[PDB]
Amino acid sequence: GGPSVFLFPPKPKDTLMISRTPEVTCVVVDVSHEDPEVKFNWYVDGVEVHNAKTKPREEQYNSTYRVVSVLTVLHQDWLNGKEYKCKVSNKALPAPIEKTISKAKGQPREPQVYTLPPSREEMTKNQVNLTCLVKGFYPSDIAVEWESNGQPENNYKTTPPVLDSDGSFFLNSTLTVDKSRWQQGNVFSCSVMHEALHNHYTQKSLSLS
């Protein structure tokens, strides 16, 4: 004795993109070789659901199994604050273990998005940094990408959301492009996906005129 349960929320980009699959993951550790069977029961706002997929158990190096149940959440249900409950049953458990999860509960706040052209010190060089400042958003769940002429620009680094003095979040996204591309006057756009924006999406464009 005995097993432990950990419940994980979906990835932010999965929650914000219609083509992606947002999943809540119920992980059971310390499952015995003697009694390796785990019964998973799932509830959405107290209502039982039967659409979760279990994965084949894995032997840990500490000679125990790690057993996982993955529940697909509806994009709208997750955003509307529905509660996801995982109930775990196992013979080595006198009473089942339950864990509940839902989206962060504070008041949603819309991100403010600003673009920063390369600084004269930054601009003289071979490759230039284009910056997208995203601040004042809540919850921290967000997705920031770059684009030009309808195609993704992949040479970017986005900082993790940082908790600010007023309890909201902020981050920077920096795209590195060849100076020649920026200098030419090509339009680079910063894409921001967040629940509180109108239509959960905004974009800010940056170009040298």
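Numbering starts at 1 and follows the sequence shown.
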Determine, for stretches 18-26 and 182-190, which one has the higher mean CA B-factor as deposited. 182-190
Output the stretch having the higher mean C-alpha B factor in the entry; the candidates are 56-64 and 157-165. 56-64
Which has the highest CA B-factor per the PDB entry: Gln76, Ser102, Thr115, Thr72? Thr115
Of the options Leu171, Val49, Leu175, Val144, which has the highest CA B factor as deposited? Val49
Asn149 - Cα temperature factor, lowest/middle/highest third of chain: middle
Grab the CA temperature factor for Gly136 from the record and place it in the lowest, middle or highest third of its chain. lowest
Cα B factor band for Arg109 (lowest, middle or highest third within the chain): lowest
In terms of the CA temperature factor given in the entry, to which third of its chain does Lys91 belong: lowest, middle or highest? highest
Consider only the C-alpha atoms of the modelled residues in this chain, order them by B-factor as the entry records it, and name the third containing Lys82: lowest, middle or highest. middle
